[PDB]
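Residue numbers (full-length UniProt numbering), protein chains in the order written: chain Y, 17 to 359; chain L, 15 to 360; chain E, 312 to 360; chain C, 15 to 52.
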């Protein structure tokens with residue numbers, strides 16, 4: 017006698033990008049295998065995958081780069097079907113990213129030593145691509161909200177680039193007023209925008225940096241990796257709107273030409289985002305639509321401010337519950353706010 | 015249409031906002047989360063070149079070495095106030111704020127990729143040199159200020175006067191010495207080369223740090239917003255806040271940056287925190303005769319009597335009669351208590 | 312009155328640095344809009360001229 | 015409303031000082047922690 021086969025998730029439909037809008041049951045799974053294009057700048061002569069040569073001796077007083085010389089993050093979007101059909105007051109039914117899987121495409125393209133590299137010594141081969149790497153990707157239901165950081169505030173950027181505003185010495189430290197969104201492929205330069213670690217309740221990003229003058233780049237390729245994107249509460253990146261946002265950027269190191277010019281190099285990136293269906297509280301009830309009905313039509317009023325730094329609302333006493341009459345009308349809360357401490 | 019499956023309960027948000035949020039009356043099981051950063055104070059050689067050091071002194075004497083204050087990295091420190099737990103416990107129990115879980119993450123890590131920032135040219139027609147050299151990273155979370163140890167090298171160096179150094183160094187100070195202690199209570203004055211944490215005293219903080227010295231090594235950074243660093247001890251308590259204060263001190267040095275004429279100088283970046291909090295039920299340690307001890311001593315006059323405490327006493331003999339017993343066939347005896355029992359010699 | 316006086320970076324006031332202070336007490340069904348914004352038009356955008 | 019809990023037992027501290035704590039007689043279950051330097 018043998019043994020009755022074991023059970024396995026009965027695979028269903030398969031095909032191109034237009035598979036998605038076919039409706040499924042309630043406990044569906046989905047697997048999405050997709051990639052991205054790295055944006056290294058792409059100079060001329062169809063060398064799509066390098067950058068232009070780097071500047072050598074720009075002083076701090078005046079910097080003049082070009083659009084080509086700065087790599088940028090890569091982002092895209094995945095449309096999704098909606099799931100609710102009738103009203104169904106109460107609860108809704110959204111998507112969820114659960115398990116990512118990344119893998120770099122073209123990693124053995126660096127073994128070319130018959131290229132236009134520098135002759136490394138007199139009768140040997142050439143010099144391979146070495147130096148600083150920075151690999152980075154992100155999966156979420158929302159655009160990747162990011163923090164503005166740079167050095168040398170006197171840099172005047174080219175006007176195709178989305179760069180932070182009013183450069184001071186405060187921009188060389190963690191500043192609060194350089195917030196923005198990520199809504200455009202090939203526009204945000206990588207030397208000016210780290211991910212904001214504060215604001216991301218619906219975006220998980222992974223990144224390992226290694227600078228240095230000339231260090232080896234170490235790459236893996238394995239189809240047994242698995243990175244769980246669940247949090248410590250039991251959710252993944254939820255999809256508020258019908259989308260799923262993918263953002264990444266891959267730097268591989270510097271290439272040396274045969275005469276001495278340095279120029280960058282990158283590769284693409286794989287993704288396998290397993291999705292599924294969850295049950296949440298409705299964030300769009302009829303009461304939200306009603307307020308957005310009236311607030312479209314009602315007249316704009318532009319008066320003196322009532323929110324922000326130059327505000328004029330002073331003290332708001334939000335109190336409901338009752339209590340035994342206090343023996344002080346103005347009770348104080350902090351014990352010593354400013355400090356009258358020792359020594 | 016069938017109803018959806020009933021959702022999963024999570025903890026309920028009640029107020030988000032600025033720093034004026036902590037003043038909310040909550041219940042007992044309240045938990046907060048505080049996102050805060052610190053500035054690095056690397057020296058600031060002028061107002062225009064924020065976050066750096068000045069150009070380094072190359073070679074001085076081992077005896078007449080006299081740096082200036084504008085080229086030393088320093089420890090960054092701050093204090094977060096908390097509101098009172100003005101509560102109603104019985105038998106002298108209290109409620110204080112515990113700091114359970116920290117999560118650090120370096121901000122600004124990709125500024126170092128900008129190679130066209132006035133470095134010395136690396137070869138013939140190449141680009142700029144990135145930052146490489148000795149890195150250093152150190153942070154600390156606790157309810158008390160970071161009580162730290164005195165260690166320096168080359169004690170014959172004359173510091174400048176903006177800094178706080180160990181008082182009176184000898185040759186013995188270059189290894190473990192006891193008489194060079196200090197607290198940490200003043201930003202941009204405690205230099206990095208003169209103080210390390212004391213392993214003996216800090217029952218209440220948690221410091222983490224690592225160091226790599228080198229002529230030229232790559233600075234390795236690691237950024238991820240799912241990492242979680244736990245701050246519990248063997249018994250199950252984090253940092254308690256004795257007073258309602260929360261002392262967070264941290265310092266970061268990334269490496270060495272070469273200028274246009276070829277001078278190495280330092281580089282620091284910021285640091286992010288996220289301290290989770292909670293209310294613990296503790297008990298009262300000190301005795302009941304403490305409040306009065308101070309209350310009387312700030313109202314009654316100071317008397318310059320003829321002294322009665324210490325080696326200049328003028329009390330001759332004190333006796334303590336207590337209880338009763340039979341006649342002692344000797345009145346010149348001496349009786350006392352040795353360590354736990356009642357002993358009596360001649 | 313018996314702790315050391317620290318003068319560090321200003322964690323209160325006009326140039327304070329603490330940004331995101333959540334507070335929790337109880338339980339709630341899972342909100343499908345995690346950055347729980349409340350004012351449907353705080354700025355005054357998208358209105359009638 | 016809701017009542018906060020009672021504290022949780024930790025082992026009691028008994029004595030501390032210089033190196034001359036190493037002369038005092040101890041119980042049966044007395045668990046020192048000797049900090050030193052070299």
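In this text, a Cβ means the ideal position worked out from N, Cα and C, and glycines have one as well.
### Query
Under 9 Å Cβ-Cβ, which residues of chain C neighbour residue 250(L)?
22 and 24
### Query
Between the Cα of residue 122(L) and the Cα atoms of 94(L), 286(L) and 201(L), which residue gives the shortest distance?
286(L)
### Task
Just confirm the distance between the C-beta atoms of residue 283(Y) and residue 113(Y), as a whole number of angstroms; I'd bet it's less than 8 Å.
At roughly 23 Å, the Cβ-Cβ gap does not stay under 8 Å, so residue 283(Y) and residue 113(Y) are not in contact.
### Message
Please give me, in chain order, every unbroken run of the beta strand (DSSP E) with length at least 3 that falls completely inside the segment 72-135 of chain L.
### Response
90-95, 108-113 and 119-121
### Message
At the 8 Å Cβ level, is residue 64(L) part of the contact set with chain E, yes or no?
### Response
no
### Query
Which partner residues of residue 334(E) appear in the DSSP bridge assignment?
29(L) and 46(L)
### Message
I want to see whether chain C comes within less than 8 Å of residue 295(L), judged by CB atoms only; does it?
### Response
yes
### Query
Can you tell which of 351(E), 315(E), 340(E) and 354(E) has the C-alpha that lies nearest to the C-alpha of residue 27(L)?
340(E)
#### Entry: Identity of the residues DSSP links to residue 342(E) by a beta bridge
297(Y)
### Query
Between residue 329(E) and the rest of its own chain, which residues show a CB-CB distance below 7 Å, the 5 nearest in sequence each way excluded?
322
#### Entry: Residues of the segment 343-355 of chain Y with Cβ closer than 7 Å to any Cβ of chain E, in chain order
353 and 355
### Query
Which value, in whole angstroms, describes the spacing of the CA atoms of residue 316(Y) and residue 357(E)?
9 Å
### Task
Examine chain E for any beta-carbon lying closer than 8 Å to the beta-carbon of residue 134(Y), and answer yes or no.
no
### Option in 347(Y), 326(Y) and 348(Y) with minimal Cα separation from residue 325(E)
326(Y)
### Message
Please give the ranges of any beta strand (DSSP E) in the segment 247-317 of chain L, keeping only runs that are unbroken, at least 3 residues long and fully inside the region.
### Response
259-267, 269-272, 278-281 and 284-296
#### Entry: Test item: CB-CB of residue 273(L) and residue 132(L) under 8 Å
yes
### Task
Taking only beta-carbon positions, decide if residue 167(Y) is within less than 8 Å of chain L.
yes
### Query
For residue 16(C), which residues in chain L fall below 8 Å Cβ to Cβ?
41, 42 and 43
### Task
Rounded to whole angstroms, what's the CA-CA distance from residue 71(Y) to residue 142(L)? Just pull it up for me.
7 Å
#### Entry: Proximal residues of chain Y, C-beta to C-beta of residue 314(E) below 8 Å
357 and 358
### Task
Measure from the alpha carbon of residue 117(L) to the alpha carbon of each residue in 244(L), 334(L), 299(L) and 276(L), then state which is nearest.
244(L)
### Query
Taking 8 Å as the CB-CB limit, is residue 35(Y) close to chain L?
no
### Query
Who are the near neighbours of residue 59(Y) in its chain, counting only those whose CB is closer than 6 Å to its CB and skipping five residues on each side?
68 and 84
### Task
Output yes or no for whether 8 Å exceeds the beta carbon distance between residue 257(L) and residue 154(L).
no
### Query
Exposed or buried, residue 77(L), counting other C-beta atoms within 10 Å across all chains shown (16 or more means buried)?
exposed
### is_contact[residue 46(L), chain E] using C-beta, thresh 8 Å
yes
#### Entry: Beta-bridge pairing of residue 223(L) - partner residues as DSSP gives them
152(L)
### Query
In chain L, which residues lie less than 7 Å from residue 326(E) when you measure between Cβ atoms?
Per Cβ cutoff of 7 Å: no residues; residue 326(E) is ~11 Å from chain L at best.
### Query
Who are the Cβ neighbours of residue 35(C) in its own chain at under 8 Å, not counting the five residues just before and after it?
29
### Query
In its own chain, which residues sit with a C-beta less than 7 Å from the C-beta of residue 161(L), not counting the 5 before and 5 after it?
197, 212, 215 and 216
### Task
Using alpha carbons as the reference points, say which of 159(L), 206(L) and 80(L) lies closest to residue 172(L).
80(L)
### Query
Expressed to the nearest angstrom, what Euclidean distance is found between the alpha-carbon atoms of residue 266(L) and residue 100(Y)?
50 Å
#### Entry: Distance between residue 292(Y) and residue 166(L) (C-alpha atoms, nearest Å)
59 Å
### Task
Assign residue 234(Y) to buried or exposed, taking buried as 16 or more other Cβ atoms, counted over all protein chains shown, within 10 Å of its Cβ.
exposed
### Task
Compute the Euclidean distance between the alpha carbons of residue 32(Y) and residue 227(Y), then round it to the nearest angstrom.
39 Å
### Message
For residue 340(E), would you say it is in contact with chain Y, using Cβ-to-Cβ distances shorter than 8 Å as the test?
### Response
yes
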